[PDB]
Amino acid sequence: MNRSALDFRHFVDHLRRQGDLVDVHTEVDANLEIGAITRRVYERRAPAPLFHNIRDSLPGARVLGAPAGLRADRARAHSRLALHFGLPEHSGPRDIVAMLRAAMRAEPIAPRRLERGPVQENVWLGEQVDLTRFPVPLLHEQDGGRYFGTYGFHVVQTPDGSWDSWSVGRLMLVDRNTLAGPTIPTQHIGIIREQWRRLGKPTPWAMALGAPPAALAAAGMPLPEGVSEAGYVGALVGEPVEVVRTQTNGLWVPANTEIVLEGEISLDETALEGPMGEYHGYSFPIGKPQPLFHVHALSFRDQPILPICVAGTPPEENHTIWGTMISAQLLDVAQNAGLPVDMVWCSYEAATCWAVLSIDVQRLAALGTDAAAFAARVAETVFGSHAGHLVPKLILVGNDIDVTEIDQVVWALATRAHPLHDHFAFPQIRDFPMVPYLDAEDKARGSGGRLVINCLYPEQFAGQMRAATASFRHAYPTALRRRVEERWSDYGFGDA
Amino acid sequence: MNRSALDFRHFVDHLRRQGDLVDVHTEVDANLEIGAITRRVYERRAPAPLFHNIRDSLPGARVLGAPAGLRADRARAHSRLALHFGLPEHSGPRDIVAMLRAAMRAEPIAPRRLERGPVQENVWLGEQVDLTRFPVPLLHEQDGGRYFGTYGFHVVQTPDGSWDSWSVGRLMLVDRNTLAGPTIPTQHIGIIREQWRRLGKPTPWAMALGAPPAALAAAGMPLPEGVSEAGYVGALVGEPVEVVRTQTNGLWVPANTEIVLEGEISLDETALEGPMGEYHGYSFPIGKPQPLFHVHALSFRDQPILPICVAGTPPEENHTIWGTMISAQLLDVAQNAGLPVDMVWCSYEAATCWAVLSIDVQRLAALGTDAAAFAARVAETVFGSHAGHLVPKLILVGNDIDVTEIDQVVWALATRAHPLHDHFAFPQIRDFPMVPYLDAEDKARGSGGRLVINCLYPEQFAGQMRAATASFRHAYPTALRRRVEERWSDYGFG
Ligand SMILES: Cc1cc2c3c(c1C)C(C)(C)CC=[N+]3c1c([nH]c(=O)[nH]c1=O)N2C[C@H](O)[C@H](O)[C@H](O)COP(=O)(O)O
Ligand SMILES: [K+]
Ligand SMILES: [K+]
Ligand SMILES: [Mn+2]
Ligand SMILES: [Mn+2]
């Protein structure tokens with residue numbers, strides 16, 4: 001379980017041991033069939049499929065779908081996500097967030113540099129690079145291209161060498177040795193590419209695919225600007241990530257990565273990129289010009305495994321990775337700012353388009369505030385952070401509900417948000433531009449989409465509550481609840 | 001399965017046969033413990049408990065909890081609800097609504113009057129009535145009193161005999177022969193009670209508990225004013241509900257009812273009633289005066305079964321009966337009005353505080369309208385109906401999503417409702433008074449709580465859609481979906 005956080009291939013073997021992997025020996029087609037199978041996996045919360053035989057691919061190459069999809073067994077539903085951190089099968093949202101925040105306070109552990117690693121078993125330089133020999137999928141029927149990178153991370157470094165950035169972003173196949181993909185300017189790849197542009201230079205770059213599962217997660221996390229993901233990963237697993245130099249450009253990448261691509265990000269050349277089915281659950285019809293990523297060389301492990309994300313309606317890894325990592329970061333932002341927040345959760349059902357903030361009702365009275373002022377304080381703090389910029393809508397609710405349970409968030413939205421008083425739009429705050437409901441007005445302006453929905457009743461700002469909860473937990477005395485819990489299977493219910 | 005719609009005792013036996021009833025022979029206390037156990041049932045979607053061994057209660061008397069609670073098996077989740085209509089284990093929300101709507105179109109089938117029936121096996125008159133001998137529960141810790149009636153229906157009739165009304169409402173025990181509970185003026189009990197009061201008279205009344213499951217559902221339904229529930233029930237099951245007359249006041253009640261109460265609703269006498277854990281999930285702290293229901297006589301079957309509802313957080317019968325019934329009625333109301341609506345669903349998770357309307361996107365462009373004007377059209381039509389009065393919030397979304405699935409509703413709310421454009425408050429429209437978020441200013445005005453949340457993208461009003469959906473159903477061609485489903489076991493998924 002622990003080695004799984006640090007070694008993709010081992011992670012795969014451990015899922016199999018958990019009964020959470022299906023070995024697909026059938027020949028499958030990288031043209032849409034992989035994608036369709038993997039979508040059905042997500043939606044049924046089926047085991048992760050390991051595809052062993054992809055039509056017309058490099059012999060022995062493999063593909064892993066649904067690397068952090070959910071399981072149908074509610075008791076173990078988050079286990080595949082949890083395994084990315086070496087956590088056990090029953091770990092839930094709260095356990096994962098608390099782990100990730102402990103790592104934020106721990107001293108970083110820098111990567112350990114090695115001479116050699118399995119990612120070097122096969123090496124393709126220059127004209128030997130032919131990305132089309134990999135099992136590169138056409139993921140959705142209406143996508144603009146096949147995607148090589150949907151579950152790997154970009155690896156760049158500040159010109160000054162002070163900041164090593166690992167970040168997940170998509171990369172479409174353009175040709176035998178060129179990809180293209182977005183570099184949004186508020187993302188760390190955009191920021192670092194701009195630093196190179198100010199020197200007149202393209203950005204040296206690599207991508208790691210089938211990377212250590214914990215590094216993949218951290219690559220998916222909006223850590224603050226200037227924080228090296230590699231050292232955060234070391235802190236989290238409590239030992240260094242072992243890294244090797246690329247063949248051609250001096251970047252350090254994980255030594256046991258399945259597949260490493262290397263080259264540079266062009267200053268000015270672009271290819272029409274996308275569209276792709278995306279995290280919000282939709283497939284917009286038109287692509288946009290995006291920077292070319294020139295692949296100068298690449299290396300891979302024997303029988304290399306390409307993990308993928310078949311993005312779309314929830315739950316897929318834009319929810320279970322992205323969402324979860326955003327949640328942990330936002331709770332840290334919120335607490336460090338002195339907000340009375342004890343949990344944040346980006347509900348997977350809301351497709352990483354809202355974040356629910358659990359409010360410590362024991363702390364709210366002392367603020368001497370009200371809903372509107374509180375909403376504006378939270379909007380400023382949260383949307384102002386690197387992590388909160390990513391999420392357009394915030395819901396604030398008291399911590400009597402569990403924010404990780406959509407049914408309880410629903411109850412609170414319906415029964416606590418007052419139509420006249422509790423819907424706070426923040427149309428001056430700049431938007432994350434992928435948000436699906438933005439209209440042309442919002443796009444021209446760069447703002448319009450942001451919202452806080454308040455589910456704190458007015459009396460909660462005075463430390464009061466209009467009514468108790470009519471539930472087993474809250475409508476019966478403690479000794480009675482224990483008698484019922486104790487006698488339950490003896491009444492006749494057994495396991496029910 | 002059809003007999004279950006018509007006979008409570010049979011319905012119980014059928015649940016047991018399906019594996020959906022637990023017989024509790026351990027001794028239990030009606031003071032909270034029954035309540036607590038049955039709350040946990042709902043919450044765990046456990047089978048329904050039949051309690052056979054209750055402290056200090058009439059010998060042979062039984063209590064049924066969670067009469068239409070949900071099951072944990074997702075494929076059979078709604079069976080217990082479905083069985084109220086004689087529908088099979090796999091029946092879902094859409095099947096149920098389709099059946100209830102078919103019954104609206106069908107000619108009423110009036111009840112069949114019988115001389116005799118099992119509810120008359122035991123008769124208590126006058127001084128013989130002692131309601132406290134029953135296993136009358138204290139349902140929640142902070143309730144103001146024990147409730148005799150939480151899963152039974154009031155039976156009254158217009159002074160002119162034209163309208164026979166069956167309707168579910170709570171009744172709190174006051175003493176050995178008096179109960180008390182609300183008769184809110186917009187409900188049919190309240191309306192009919194006011195007709196008697198205009199004659200200077202109390203209203204003759206009975207309550208049926210452990211009544212035929214289909215009659216109970218209908219009693220829970222906001223049929224239009226003047227529509228006799230008993231006729232609708234006969235149209236629904238295809239045959240007469242068999243009824244007998246009460247001992248003392250000429251009302252006709254179902255013949256195989258477990259327990260029938262009868263007396264009258266006082267013109268002016270009140271007792272402090274409530275509070276009670278309620279539909280919306282909460283226990284408010286203070287009770288209010290409500291009319292006395294004088295119990296002159298009662299009758300019951302041997303070994304009578306008292307069914308209860310332990311109201312509160314979802315899903316309980318305020319959701320699965322009440323919400324499901326409202327939903328069916330609202331869909332009829334919408335369609336009769338010419339609204340492009342193909343399903344309505346009061347999500348159980350929202351505790352009967354919102355209704356989700358599935359909009360037929362093929363019909364929307366022809367209206368030549370926009371979100372604000374449509375929301376107002378829908379608000380007027382829906383909130384002005386008897387059914388829609390009851391629900392403060394409406395969500396409008398295109399019918400590409402399945403509105404009976406909360407996860408899909410959430411997706412739409414998160415990804416479609418634009419913060420600047422799609423939040424339509426209707427502060428002049430009169431509220432249902434039980435809505436929990438209402439403030440003092442709303443209560444004094446009698447309005448303020450109503451809202452329409454729009455999740456129709458603007459381009460849907462022109463028949464367009466900015467993007468397709470990236471799912472197994474929508475991102476792959478039909479031949480490929482069929483291939484995947486056909487080869488699923490070949491791939492290794494078993
Ligand atoms: C988990 C994950 C996160 C993706 C993502 C994917 C997944 C699977 C894909 C590849 C399926 C779909 C889109 N990816 C993009 C992405 N961010 C981005 O700027 N462009 C992307 O194309 N994100 C989010 C990004 O990885 C997080 O915002 C990180 O915080 C970025 O790292 P940074 O904070 O250091 O910039
Ligand atoms: K990152
Ligand atoms: K009714
Ligand atoms: Mn970063
Ligand atoms: Mn009626």
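Convention: sequence-line order gives letters A, B, ...; per-chain numbering from 1. One-based numbering, in listed order, for ligands and for the atoms of each.
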Exercise for review: Mark yes or no for whether A:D175, through its side chain, and A:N177, through its backbone, hold a donor-acceptor pair below 3.5 Å.
Suggested key: yes

Quick note on ligand 1: atoms under 4.0 Å from a heavy atom of A:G220 include exactly 26 (O), 27 (C), 29 (C), 30 (O)

Atom 26 (O) of ligand 1 has as its nearest protein heavy atom A:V168 O, 2.7 Å

| said: I'd like to know if the side chain of A:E89 reaches the main chain of A:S79, judged simply by a donor and an acceptor atom lying under 3.5 Å from each other, with no hydrogens or angles considered. | reply: no

Q.
Looking only at the aromatic ring of each residue, does the gap between the centers of A:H188 and A:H386 stay below 6.0 angstrom?
A. yes

Heavy-atom contact under 4.0 Å between A:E278 and ligand 1?
yes

Honestly, for A:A311 the part within reach of ligand 1 (heavy atoms, under 4.0 Å) is neither

From the list A:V63, A:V24, A:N31, A:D29, side chain to side chain contact (heavy atoms under 4.5 Å, CB included) with A:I54 holds only for A:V63

* Is there a donor-acceptor contact under 3.5 Å linking the side chains of B:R481 and B:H474? -> no

Task: Sub-4.0 Å heavy-atom approach of A:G190 to ligand 1 - done: no

protein heavy-atom neighbour closest to atom 36 (O) of ligand 1 works out as A:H188 N, 2.8 Å

Quiz item: Quick one: does A:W322 get within less than 4.0 Å of ligand 1, heavy atoms only?
Solution: yes

Inset, instruction - Would you kindly say whether A:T313 and A:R39 are connected by a side-chain donor-acceptor distance under 3.5 Å? - result: yes

Contacts satisfying ring-ring contact (aromatic ring centres under 6.0 Å, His included) that involve residues 305-334 of chain A (not counting sequence neighbours) are A:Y279-A:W322

Of A:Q187, A:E317, A:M276, the residue with the heavy atom nearest atom 19 (O) of ligand 1 is A:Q187

Does the residue A:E229 have a heavy-atom contact with ligand 1, meaning some pair of atoms that are separated by less than 4.0 Å?
yes

Quick note on ligand 1: atoms under 4.0 Å from a heavy atom of A:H386 include exactly 33 (P), 34 (O)

Note to self: I want to check a possible cation-pi pair here: A:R112 against A:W252, using under 6.0 Å from ring centre and within 45° of the ring axis as the test.
What the structure shows: no

Quick check: does any side chain N or O of A:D164 sit under 3.5 Å from a backbone N or O of A:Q157, one acting as donor and the other as acceptor?
no

Within the 4.0 Å heavy-atom cut-off, what A:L390 brings close to ligand 1 is side chain

**Report entry** Polar contact flag for A:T150 and ligand 1 (N/O pairs, less than 3.5 Å)
**Finding:** no

message = What I want to find out is whether A:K201 reaches A:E264 closely enough, with some N-O distance under 4.0 Å, to be called a salt bridge.
response = no

Within a distance under 2.8 Å of the Mn ion (ligand 4), the protein atoms of type N, O or S are A:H188 ND1, A:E229 OE2

Distance alone, cut at 3.5 Å: any donor-acceptor contact between the side chains of A:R101 and A:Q335? yes

Numbered in order shown, the ligand 1 atoms found under 4.0 Å of a heavy atom of A:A219 are 26 (O), 29 (C), 31 (C), 32 (O)

Atom 20 (N) of ligand 1 has as its nearest protein heavy atom A:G169 CA, 3.9 Å

Check your understanding: Does a side-chain N-to-carboxylate-O contact under 4.0 Å join A:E43 and A:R40?
Key -> no

Per-atom filter on ligand 1: closer than 4.0 angstrom to a heavy atom of A:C309 are 11 (C)

Near A:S167 (heavy-atom distance under 4.0 Å), the atoms of ligand 1 are 31 (C), 32 (O), 33 (P), 35 (O), 36 (O)

Establish, from distance only, whether the side-chain atoms of A:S167 and A:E229 form a donor-acceptor pair under 3.5 Å.
-> no

If we number the atoms of ligand 1 from 1 as shown, the ones under 4.0 Å from a heavy atom of A:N318 are 2 (C), 5 (C), 6 (C), 7 (C), 8 (C), 9 (C), 11 (C), 12 (C)

Those residues at least two apart in sequence (or on a different chain) that pass side chain to side chain donor-acceptor pair (under 3.5 Å) with A:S266 are A:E269

So the atoms of ligand 1 within less than 4.0 Å of a heavy atom of A:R170 turn out to be 10 (C), 21 (C), 22 (O)

* Asked: Would a distance-only check, ignoring hydrogens and angles, find a side-chain to backbone donor-acceptor pair under 3.5 Å from A:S228 to A:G231?
  -> no

Under 3.5 Å: donor-acceptor pair, side chain of A:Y147, backbone of A:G274
yes

Notebook entry, point to check: Would you say the side-chain atoms of A:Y437 pair up with the backbone N or O of A:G449, donor to acceptor, closer than 3.5 Å?
Noted result: yes

Numbered in order shown, the ligand 1 atoms found under 4.0 Å of a heavy atom of A:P222 are 30 (O), 34 (O)

Using 30° and 60° as the class boundaries, would you call the ring planes of A:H280 and A:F284 parallel, tilted or perpendicular? perpendicular

So the protein N/O/S atoms within less than 3.4 Å of the K ion (ligand 2) come down to A:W166 O, A:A218 O, A:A219 O, A:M221 O, A:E229 OE2

Heavy-atom check, side chain of A:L138 versus side chain of A:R146, under 4.5 Å:
yes

- Query: What about A:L223: any of its N or O atoms under 3.5 Å from an N or O on ligand 1?
  - Reply: no

